[PDB]
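Student: What follows is a single structure, and I will ask about it in a moment.
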Amino acid sequence: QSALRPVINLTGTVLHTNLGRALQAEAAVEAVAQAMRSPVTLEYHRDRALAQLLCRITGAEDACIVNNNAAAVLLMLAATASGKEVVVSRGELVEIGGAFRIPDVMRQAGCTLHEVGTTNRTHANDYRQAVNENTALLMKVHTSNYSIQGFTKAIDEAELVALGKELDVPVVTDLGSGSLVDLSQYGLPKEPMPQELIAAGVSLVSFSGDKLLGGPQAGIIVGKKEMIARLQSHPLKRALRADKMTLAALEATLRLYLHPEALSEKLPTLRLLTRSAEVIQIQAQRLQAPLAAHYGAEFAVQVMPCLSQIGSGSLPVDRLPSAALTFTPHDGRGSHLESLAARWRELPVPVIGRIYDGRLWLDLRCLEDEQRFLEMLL
Amino acid sequence: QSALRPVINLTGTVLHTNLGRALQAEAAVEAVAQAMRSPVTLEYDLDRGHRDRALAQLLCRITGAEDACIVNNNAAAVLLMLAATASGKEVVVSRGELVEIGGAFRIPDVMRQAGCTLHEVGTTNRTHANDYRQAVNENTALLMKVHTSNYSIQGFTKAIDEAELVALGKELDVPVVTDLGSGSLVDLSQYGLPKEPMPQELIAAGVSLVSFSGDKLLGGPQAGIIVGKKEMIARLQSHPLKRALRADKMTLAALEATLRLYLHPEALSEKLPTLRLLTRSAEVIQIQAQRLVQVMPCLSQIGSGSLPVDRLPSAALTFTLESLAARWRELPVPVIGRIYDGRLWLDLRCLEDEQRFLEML
Amino acid sequence: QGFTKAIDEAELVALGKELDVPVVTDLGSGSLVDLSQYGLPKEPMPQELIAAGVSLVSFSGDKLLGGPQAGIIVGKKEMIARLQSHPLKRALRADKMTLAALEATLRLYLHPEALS
């Protein structure tokens, strides 16, 4: 078995950054297989069908596609504000994962980071007082992995683009998550959409493709034709250009958003997120018997409510009811739990659970096919 | 129909840069589909764990280097290598290796982007080891050898090989890096094809870092693979640029499945579509062309990573023009031929499925 | 809330001791008792910061302390003496009713049983 081995994500995190983030749809898989097996018109520009599709969906003039959203932010800052100040709120200097920090990206991209306001309260006058002759951008970063609660104040995109129009300074956005549909319609927490930012007047909006979009690892920048053309002509773009499998997967995923009626079914990310809790309860009750019969004598397994995280691109707050299987040792020793976790991690198709509340939990929200999981766990 | 539509490459260029370069094997396709459909341990080591440690071990087994690094493409590989190993310092490159690939990649421009200073030595055709020696000073960070994959200078020429430059850098305490580009992992001369420099030879000769593509003569996905010294690779992985240049899980899955084909070379000419199309015999092409408007000898270009000289016999069917090509480009599966010698030629070297192709025409 | 990481006071004072740099804290609220005993959310205490090795801790007197508007800085004798001798201190010195209220309020914390 290889290291790029399939695993059954029972940790309750749908978009696990360490597990490949979003799963790909069957349409994306078929398009990718067709692109790999046979020659495709890659450059016979490279991303033009995708640019037109993003114009249809988001409503922006032009679009650029790069390796990932870190590459998107790097290219945006290097091709739009190289050698010039960029005004970012002091409460949006975000860190994602641990390798991506906004100040470090500003340093690499050759711009100067101008910090305004405070960590919790940033006012429009803080943006206004920093705009000078060296200022090239007003950059709003979407804090996708965290939220500040309490005495807070943030300037929305509409007010910031109004201020930039008044001061003749473009406004860009590092959206990150890139949810293309209103999640509130499915009961999920609402996240800002590229459509709203593009309509509000944001010059450039950069978002990921494997986050809430449900596609491949890609960095999608949508916005004004002139600034997108600036990005395309930058020397960095050649290093950051996207692969043909990436483009095929992104095109097939984006074509799913043209038919929203089946979107909750044909998109694995949405299908896993909007999965009802009653079906999870039924599946847990059905699966509770064979495991107890096989090796549940050492530690009993029962079904109680649990909480599941949406994953990357959303708040790490769970916010999602679900059902889980708990393996509670009889003698109350963590050695049994650690040994069981190691045994599962050494299986041909590893099953990853979570050590929560002194027990080993398997959250079945992200378990579509129970046959292979039952075979591996028996 | 989407613009990323299948196309039957009958132009004779197997590795067409504008047509996706190398087709991937069935093993790579299956690994990619498995990685897409199900979660994979991208950055979660079962034994946190790095993203491409399995790939690094596989590349150590194949090439023989200490460590490896995977980035978006070889342009990104060269950019990261120069920015993490020679930032703010001089890089000594022969004046006859300042290569341009495709049109968007240019060695001087990459050095400008990477923060290095390009030091050019020798002449376009004649570069001597003393030209390298006279340019090495306290600000020199690397001696860079770029493999001219898309061109060759013929006539009164002189190039310093990698062994001589490695010895010179060892004497002067300056590391030697190589932008191999093509990255052929097997001796092509064994298959009757022109020999190309291999990463194994450069690694054995003492090159600190060797960067090559994955969609060229390797036959895999678009990737930039840098193999070499553990310290140099660790410098690359810790650079801030790497986060922007890191490789996707589909890219890593395809690359690992492709690299595992090189562990069984006997079936490599069959499992690898690039090698299968390159080592396809001319008699079979002649038979297929006769079975499928005149059939005559033609010559097929290898494509990216090799010199654009044809150097490959084949048989092609000709249509005895512009409007025919325009009509063919509008099919659900477009057929692209070449307007050569006043005739429309369809080189049948890359035609793998006759039953499907015959339906459109 | 979310993907967060903060360096605690103990680790920071250890780092400052290693690098010979003092560590100060703007506590603000200045709760002198463990609020978790009363069912309210726990807040950092000046006692914990002083024990952990923080050179100076500044907190309000009208916030969670329950007294008058005052700024109370507690810590090392040398740095406190630096504060007292600063020219700003005359401008910032505390009033007599402020001191009376602060002393009477602090005397309540010596009898925690009736403090609630």
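Starting from 1 in every chain, residues are counted up; chains themselves are A, B, ... following the order of the structure tokens, and ligands are numbered from 1 as listed.
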Just want the 8 Å neighbourhood of range 175-189 of chain B, counted on only C-alpha atoms, with same-chain residues fewer than 4 positions away dropped. Output as a ChimeraX atom specification.

Tutor: /B:63,74,78,141-147,149,165-166,169-170,193-200,207-214,216-218,262,304-306

Student: What parts of range 25-180 of chain A does DSSP call helix (DSSP H, G or I)? I'd like the answer as a PyMOL selection string.

Tutor: chain A and resi 26-37+49-57+69-80+102-108+124-130+157-167

Student: Under the rule that only C-alpha atoms are counted, which of A:302, A:176, A:263, A:2 is the nearest residue to residue 55 in chain B?

Tutor: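 Closest candidate: A:2.
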
Student: Mind giving me the straight-line distance from CA of residue 298 in chain B to CA of residue 312 in chain B in Å, one decimal?

Tutor: 8.4 Å

Student: List every residue of chain A that has an atom at most 9 Å from any atom of chain C, giving for each one its closest atom pair and the distance in Å to one decimal, counting only C-alpha atoms, sorted by chain and then by ascending residue number, as JSON lines.

Tutor:
{"residue": "A:95", "atom": "CA", "partner": "C:3", "partner_atom": "CA", "distance": 8.5}
{"residue": "A:96", "atom": "CA", "partner": "C:3", "partner_atom": "CA", "distance": 8.1}
{"residue": "A:97", "atom": "CA", "partner": "C:3", "partner_atom": "CA", "distance": 8.4}
{"residue": "A:145", "atom": "CA", "partner": "C:3", "partner_atom": "CA", "distance": 5.5}
{"residue": "A:146", "atom": "CA", "partner": "C:2", "partner_atom": "CA", "distance": 4.2}
{"residue": "A:147", "atom": "CA", "partner": "C:1", "partner_atom": "CA", "distance": 5.3}
{"residue": "A:148", "atom": "CA", "partner": "C:1", "partner_atom": "CA", "distance": 6.0}
{"residue": "A:149", "atom": "CA", "partner": "C:1", "partner_atom": "CA", "distance": 7.1}
{"residue": "A:315", "atom": "CA", "partner": "C:2", "partner_atom": "CA", "distance": 6.0}
{"residue": "A:316", "atom": "CA", "partner": "C:2", "partner_atom": "CA", "distance": 5.2}
{"residue": "A:317", "atom": "CA", "partner": "C:2", "partner_atom": "CA", "distance": 6.7}

Student: If we count only C-alpha atoms and set the cut-off at 12 Å, which residues sit around residue 157 in chain A, ignoring sequence neighbours fewer than 3 positions away in its own chain? Please answer as JSON, numbers by chain.

Tutor: {"A": [124, 138, 139, 140, 141, 142, 154, 160, 161, 162, 163, 164, 170, 171, 172, 173, 174, 175, 192, 193, 194, 196, 197, 198, 199, 200, 201, 202, 203, 204, 205]}

Student: Compile the residues of chain B that lie within 7 Å of chain A, evaluated using only C-alpha atoms, and express the compilation as a PyMOL selection string.

Tutor: chain B and resi 3-9+18-20+23-24+29+33+35-44+46+54+72-73+75-76+104-105+222+243-245+248-249+253

Student: Please produce a file of those selected residues containing C-alpha atoms, as a compact mmCIF listing (two decimals), in the first residue's frame.

Tutor:
# COMPACT_ATOMS: atom_id res chain seq x y z
CA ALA B 3 -12.85 23.35 -24.27
CA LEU B 4 -10.90 20.64 -22.42
CA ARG B 5 -12.21 18.16 -24.98
CA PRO B 6 -10.34 15.06 -26.17
CA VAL B 7 -8.36 15.51 -29.38
CA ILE B 8 -6.69 12.92 -31.61
CA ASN B 9 -3.09 14.14 -31.98
CA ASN B 18 -0.28 22.67 -26.28
CA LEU B 19 -2.11 19.32 -26.12
CA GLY B 20 -1.29 18.32 -22.54
CA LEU B 23 -0.61 11.00 -21.63
CA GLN B 24 -0.75 9.28 -18.25
CA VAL B 29 -5.44 7.27 -13.86
CA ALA B 33 -9.49 8.53 -9.42
CA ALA B 35 -7.47 9.95 -4.56
CA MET B 36 -10.32 12.10 -5.89
CA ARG B 37 -13.15 9.81 -4.80
CA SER B 38 -11.87 9.09 -1.28
CA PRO B 39 -9.88 10.92 1.40
CA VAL B 40 -6.14 10.26 1.30
CA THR B 41 -3.34 10.80 3.81
CA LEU B 42 -1.98 13.91 2.09
CA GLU B 43 -0.39 15.46 5.19
CA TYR B 44 -1.38 12.94 7.88
CA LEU B 46 0.04 7.17 9.94
CA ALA B 54 6.62 8.76 -0.01
CA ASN B 72 3.77 22.96 -9.50
CA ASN B 73 6.03 22.60 -12.56
CA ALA B 75 9.40 26.62 -13.97
CA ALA B 76 8.29 26.70 -10.33
CA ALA B 104 6.75 32.24 -21.16
CA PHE B 105 9.88 30.70 -19.60
CA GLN B 222 2.68 18.36 -14.66
CA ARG B 243 3.47 27.03 0.12
CA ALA B 244 2.48 28.75 -3.13
CA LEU B 245 4.21 26.08 -5.23
CA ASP B 248 -1.97 18.88 -5.41
CA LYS B 249 -3.08 15.45 -4.22
CA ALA B 253 -1.04 10.51 -6.82

Student: As a JSON list (two decimals) with C-alpha atoms, in the first residue's frame, which residues of range 242-313 of chain B does DSSP assign to strand (DSSP E)?

Tutor:
[["chain", "number", "residue", "atom", "x", "y", "z"],
["B", 294, "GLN", "CA", -2.48, 7.99, -49.96],
["B", 295, "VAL", "CA", -0.15, 6.39, -47.42],
["B", 296, "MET", "CA", 3.52, 7.35, -47.53],
["B", 297, "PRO", "CA", 6.50, 7.62, -45.17],
["B", 298, "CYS", "CA", 6.62, 10.55, -42.77],
["B", 299, "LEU", "CA", 8.77, 11.59, -39.81],
["B", 313, "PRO", "CA", 10.07, 7.14, -39.04]]

Student: Find the spatial neighbours of range 332-346 of chain B, counting only C-alpha atoms, within a cut-off of 7 Å - ignore same-chain residues fewer than 2 positions away - and output them as a ChimeraX atom specification.

Tutor: /B:5-11,316-321,328-330,348

Student: Would you mind telling me which residue in A:65, A:292, A:55, A:254 lies nearest to residue 181 in chain A when using only C-alpha atoms?

Tutor: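 Of all the options, A:254 lies closest to residue 181 in chain A.
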
Student: Within 12 Å of range 94-96 of chain C, counting only C-alpha atoms, which residues qualify if same-chain residues fewer than 4 places away don't, as a PyMOL selection string?

Tutor: chain C and resi 61+68-72+84+89-90+100-103

Student: Grab the residues selected above and save them as a PDB file, in the first residue's frame with N, CA and C atoms.

Tutor:
ATOM      1  N   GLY C  61      -9.596  49.075  38.717  1.00  0.00           N
ATOM      2  CA  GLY C  61     -10.240  48.906  40.002  1.00  0.00           C
ATOM      3  C   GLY C  61     -11.752  48.950  39.935  1.00  0.00           C
ATOM      4  N   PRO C  68     -13.224  51.495  43.003  1.00  0.00           N
ATOM      5  CA  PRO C  68     -13.203  52.788  42.320  1.00  0.00           C
ATOM      6  C   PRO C  68     -12.379  52.738  41.039  1.00  0.00           C
ATOM      7  N   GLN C  69     -12.533  53.781  40.227  1.00  0.00           N
ATOM      8  CA  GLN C  69     -11.721  53.907  39.023  1.00  0.00           C
ATOM      9  C   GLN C  69     -10.274  54.138  39.429  1.00  0.00           C
ATOM     10  N   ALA C  70      -9.435  53.124  39.246  1.00  0.00           N
ATOM     11  CA  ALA C  70      -8.030  53.234  39.592  1.00  0.00           C
ATOM     12  C   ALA C  70      -7.229  52.323  38.682  1.00  0.00           C
ATOM     13  N   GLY C  71      -5.956  52.657  38.510  1.00  0.00           N
ATOM     14  CA  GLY C  71      -5.056  51.797  37.771  1.00  0.00           C
ATOM     15  C   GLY C  71      -4.012  51.218  38.695  1.00  0.00           C
ATOM     16  N   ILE C  72      -4.049  49.913  38.924  1.00  0.00           N
ATOM     17  CA  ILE C  72      -3.208  49.268  39.919  1.00  0.00           C
ATOM     18  C   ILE C  72      -2.144  48.457  39.198  1.00  0.00           C
ATOM     19  N   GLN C  84       7.212  54.998  40.124  1.00  0.00           N
ATOM     20  CA  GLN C  84       6.923  56.037  41.109  1.00  0.00           C
ATOM     21  C   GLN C  84       7.756  57.288  40.860  1.00  0.00           C
ATOM     22  N   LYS C  89       4.103  60.433  36.945  1.00  0.00           N
ATOM     23  CA  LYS C  89       3.344  59.939  38.086  1.00  0.00           C
ATOM     24  C   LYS C  89       2.591  61.053  38.794  1.00  0.00           C
ATOM     25  N   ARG C  90       3.214  62.222  38.956  1.00  0.00           N
ATOM     26  CA  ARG C  90       2.505  63.356  39.537  1.00  0.00           C
ATOM     27  C   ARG C  90       1.227  63.659  38.759  1.00  0.00           C
ATOM     28  N   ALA C 100      -9.103  55.877  49.404  1.00  0.00           N
ATOM     29  CA  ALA C 100      -9.966  55.397  50.480  1.00  0.00           C
ATOM     30  C   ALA C 100     -10.882  54.282  49.995  1.00  0.00           C
ATOM     31  N   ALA C 101     -11.527  54.489  48.846  1.00  0.00           N
ATOM     32  CA  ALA C 101     -12.401  53.469  48.285  1.00  0.00           C
ATOM     33  C   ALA C 101     -11.622  52.216  47.923  1.00  0.00           C
ATOM     34  N   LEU C 102     -10.429  52.376  47.348  1.00  0.00           N
ATOM     35  CA  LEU C 102      -9.640  51.212  46.972  1.00  0.00           C
ATOM     36  C   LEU C 102      -9.213  50.415  48.194  1.00  0.00           C
ATOM     37  N   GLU C 103      -8.793  51.094  49.262  1.00  0.00           N
ATOM     38  CA  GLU C 103      -8.402  50.382  50.473  1.00  0.00           C
ATOM     39  C   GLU C 103      -9.589  49.663  51.099  1.00  0.00           C
TER      40      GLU C 103
END

Student: Would you mind listing what lies within 7 Å of range 228-242 of chain B as a PDB file with N, CA, C and O atoms, in the first residue's frame, with only C-alpha atoms counted and same-chain residues fewer than 5 positions away left out?

Tutor:
ATOM      1  N   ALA B  65      19.118  10.186  -5.211  1.00  0.00           N
ATOM      2  CA  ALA B  65      19.380  11.411  -4.477  1.00  0.00           C
ATOM      3  C   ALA B  65      18.992  11.261  -3.010  1.00  0.00           C
ATOM      4  O   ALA B  65      18.248  10.357  -2.623  1.00  0.00           O
ATOM      5  N   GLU B  66      19.511  12.174  -2.188  1.00  0.00           N
ATOM      6  CA  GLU B  66      19.236  12.127  -0.758  1.00  0.00           C
ATOM      7  C   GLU B  66      17.787  12.494  -0.461  1.00  0.00           C
ATOM      8  O   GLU B  66      17.108  11.804   0.306  1.00  0.00           O
ATOM      9  N   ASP B  67      17.294  13.575  -1.064  1.00  0.00           N
ATOM     10  CA  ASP B  67      15.947  14.057  -0.802  1.00  0.00           C
ATOM     11  C   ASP B  67      15.352  14.618  -2.086  1.00  0.00           C
ATOM     12  O   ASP B  67      16.048  14.820  -3.084  1.00  0.00           O
ATOM     13  N   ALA B  68      14.041  14.862  -2.052  1.00  0.00           N
ATOM     14  CA  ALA B  68      13.304  15.338  -3.212  1.00  0.00           C
ATOM     15  C   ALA B  68      12.227  16.325  -2.780  1.00  0.00           C
ATOM     16  O   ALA B  68      11.766  16.319  -1.637  1.00  0.00           O
ATOM     17  N   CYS B  69      11.829  17.173  -3.727  1.00  0.00           N
ATOM     18  CA  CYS B  69      10.841  18.223  -3.518  1.00  0.00           C
ATOM     19  C   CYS B  69       9.966  18.320  -4.756  1.00  0.00           C
ATOM     20  O   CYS B  69      10.476  18.293  -5.879  1.00  0.00           O
ATOM     21  N   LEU B  80      11.888  28.259  -7.317  1.00  0.00           N
ATOM     22  CA  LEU B  80      12.099  27.940  -5.908  1.00  0.00           C
ATOM     23  C   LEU B  80      13.559  27.624  -5.621  1.00  0.00           C
ATOM     24  O   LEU B  80      14.104  28.056  -4.601  1.00  0.00           O
ATOM     25  N   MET B  81      14.207  26.868  -6.508  1.00  0.00           N
ATOM     26  CA  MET B  81      15.610  26.522  -6.321  1.00  0.00           C
ATOM     27  C   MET B  81      16.477  27.773  -6.261  1.00  0.00           C
ATOM     28  O   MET B  81      17.318  27.920  -5.364  1.00  0.00           O
ATOM     29  N   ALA B  84      15.583  30.007  -3.058  1.00  0.00           N
ATOM     30  CA  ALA B  84      15.944  29.449  -1.766  1.00  0.00           C
ATOM     31  C   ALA B  84      17.422  29.126  -1.638  1.00  0.00           C
ATOM     32  O   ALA B  84      17.908  28.983  -0.511  1.00  0.00           O
ATOM     33  N   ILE B 203      22.940  13.011 -10.525  1.00  0.00           N
ATOM     34  CA  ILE B 203      23.026  12.795  -9.085  1.00  0.00           C
ATOM     35  C   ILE B 203      24.306  12.049  -8.733  1.00  0.00           C
ATOM     36  O   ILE B 203      24.990  12.385  -7.758  1.00  0.00           O
ATOM     37  N   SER B 208      24.378  19.092  -6.838  1.00  0.00           N
ATOM     38  CA  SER B 208      23.672  19.352  -5.587  1.00  0.00           C
ATOM     39  C   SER B 208      22.163  19.256  -5.760  1.00  0.00           C
ATOM     40  O   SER B 208      21.474  18.661  -4.925  1.00  0.00           O
ATOM     41  N   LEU B 209      21.629  19.838  -6.833  1.00  0.00           N
ATOM     42  CA  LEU B 209      20.194  19.833  -7.088  1.00  0.00           C
ATOM     43  C   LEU B 209      19.955  19.641  -8.575  1.00  0.00           C
ATOM     44  O   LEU B 209      20.654  20.237  -9.396  1.00  0.00           O
ATOM     45  N   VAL B 210      18.982  18.802  -8.917  1.00  0.00           N
ATOM     46  CA  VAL B 210      18.592  18.548 -10.298  1.00  0.00           C
ATOM     47  C   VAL B 210      17.082  18.701 -10.378  1.00  0.00           C
ATOM     48  O   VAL B 210      16.352  17.996  -9.673  1.00  0.00           O
TER      49      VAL B 210
END

Student: Have a look at CA of residue 83 in chain A and CA of residue 111 in chain A and let me know their distance in Å, one decimal.

Tutor: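 Rounded to one decimal, the two atoms are 4.8 Å apart.
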
Student: Could you give me, as an mmCIF file with C-alpha atoms, in the first residue's frame, the residues within 10 Å of residue 33 in chain C, counting only C-alpha atoms and dropping anything in the same chain fewer than 3 positions from it?

Tutor:
data_model
loop_
_atom_site.group_PDB
_atom_site.id
_atom_site.type_symbol
_atom_site.label_atom_id
_atom_site.label_comp_id
_atom_site.auth_asym_id
_atom_site.auth_seq_id
_atom_site.Cartn_x
_atom_site.Cartn_y
_atom_site.Cartn_z
ATOM 1 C CA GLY C 30 -8.271 42.571 37.557
ATOM 2 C CA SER C 36 -15.455 29.806 38.699
ATOM 3 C CA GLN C 37 -16.253 29.259 42.384
ATOM 4 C CA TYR C 38 -19.384 31.391 41.891
ATOM 5 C CA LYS C 42 -12.990 32.247 35.081
ATOM 6 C CA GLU C 43 -10.784 35.269 34.408
ATOM 7 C CA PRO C 44 -6.997 35.556 34.806
ATOM 8 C CA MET C 45 -5.968 36.746 38.248
ATOM 9 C CA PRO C 46 -3.145 39.092 39.280
ATOM 10 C CA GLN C 47 -2.088 36.440 41.804
ATOM 11 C CA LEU C 64 -14.209 43.147 37.954
ATOM 12 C CA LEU C 65 -12.518 44.240 41.177
ATOM 13 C CA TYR C 109 -10.996 40.540 49.842
ATOM 14 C CA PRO C 112 -13.755 36.106 51.302
ATOM 15 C CA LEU C 115 -17.247 38.734 49.841
#

Student: Between CA of residue 122 in chain A and CA of residue 90 in chain A, what is the spacing in Å?

Tutor: 7.5 Å
